[PDB]
Amino acid sequence: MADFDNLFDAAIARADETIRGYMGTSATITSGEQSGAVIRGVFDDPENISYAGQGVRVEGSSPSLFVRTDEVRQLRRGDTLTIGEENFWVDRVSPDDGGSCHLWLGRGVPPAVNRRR
């Protein structure tokens, strides 16, 4: 469970806080215009509780995606993307002048995800 970690983790961090938080998400943008851009970022669901007591939310209705550059911004509506499972969709909005740095996604985690083992 714990091996090959420099040396220790008590009198070296001089902090001891904020450890959990595994990351490493890959998302790919494929639009009818210029499909061929791989971005990093994961899915976020405000609602949180997506198990029981659903069909209303009254708190979380749409999930956002966290990006680390400025490509998702270009991910204008009507663009399909693939992440991990290989399914990400731009839920963003643009009544006329699109360009919001909110990044609201719509997922459709399907079976086919190019597995290898």
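Details of the structure are given in the entry above.
We now turn to the structure provided with this report. As a numbering rule, every chain is indexed from 1 in the order its sequence is written, which need not reproduce the entry's residue numbers; residues that lack coordinates are not presented. The basis for the side-chain values is all heavy atoms of the structure; hydrogens and waters are excluded.

Quick look at the overall build of the protein
Test applied: Counting from the N terminus, the helices are DSSP H or I runs at least four residues long and the strands are E runs at least two residues long. For this measure, only C-alpha atoms enter the radius of gyration; the expected value for a globule follows 2.2 Å times N^0.38, where N is the number of residues. Categorising residues by exposure relies on relative accessible area from a 1.4 Å probe, with only protein chains included: less than 20% of the type maximum marks a residue as buried, more than 50% marks it as exposed, and the intermediate range marks it as partly exposed. Should any heavy atoms of two residues lie within 4.5 Å, those residues are counted as being in contact.
If you tally the helices and strands in the protein, you get 0 helices and 5 strands. When the helices and strands of the protein are placed in sequence order, the string is β-β-β-β-β. For the protein, the C-alpha radius of gyration of 18 Å lies well beyond 13 Å, the compact-globule estimate for 117 residues. Its C-alpha atoms give the protein principal-axis dimensions of about 55 × 35 × 35 Å. Evaluated residue by residue, the protein yields a buried proportion of 22% over its 117 residues. Considering only intrachain contacts with a sequence separation of at least 6, the fraction spanning at least 24 residues in the protein is 45%.

Remarks on empty space enclosed by the protein
Definition in use: Lining residues are defined by having an atom within 4 Å of a point belonging to a cavity or pocket. Those points lie on a 1 Å grid over the protein atoms alone, cavities being sets where a 1.4 Å probe fits but cannot get out and pockets being open sets with protein on both sides within 12 Å along at least five of seven lines. Grid points are joined across faces, edges and corners, and a volume is the space filled by probe spheres set on the points.
Tallied over the full model, the rule gives 1 cavity of 30 Å³ or more. There is about 30 Å³ of room inside the largest cavity. If you go around the largest cavity, the residues you meet are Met23, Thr25, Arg40, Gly41, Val42, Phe66 and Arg68. With 3 residues, strand β2 (residues 37-44) is the single largest residue contributor to the lining of the largest cavity.

Points about the layout of surface pockets
Which entries qualify depends on this criterion: Only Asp, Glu, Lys and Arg are considered charged, only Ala, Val, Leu, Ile, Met, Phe, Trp, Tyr, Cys and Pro nonpolar, and every remaining residue, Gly among them, polar.
Each pocket or cavity is described by its volume, and for the largest pocket that value is around 210 Å³. Along the walls of the largest pocket sit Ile29, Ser31, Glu33, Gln34, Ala37, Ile39, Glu71, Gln74, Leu75 and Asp79, which together make up its complete lining. The class makeup of the residues in the lining of the largest pocket is 4 nonpolar, 3 polar and 3 charged.

Thoughts on the sheet that holds strand β3 (residues 64-67)
Rules: Strands are treated as partners if at least two bridges between them are detected by DSSP.
Strand order in the open sheet formed by 5 strands is β3-β2-β1-β4-β5, with antiparallel pairing between adjacent strands. Each of the sheet's edge strands pairs with one partner strand only, and the pair in question is β3 and β5 (88-89). Summarising the sheet, strand β1 (residues 26-30) and strand β4 (residues 80-83) pair through 4 bridges and their orientation is antiparallel. Each bridged residue has a counterpart across the sheet, and for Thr30 the counterpart in β4 is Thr80.

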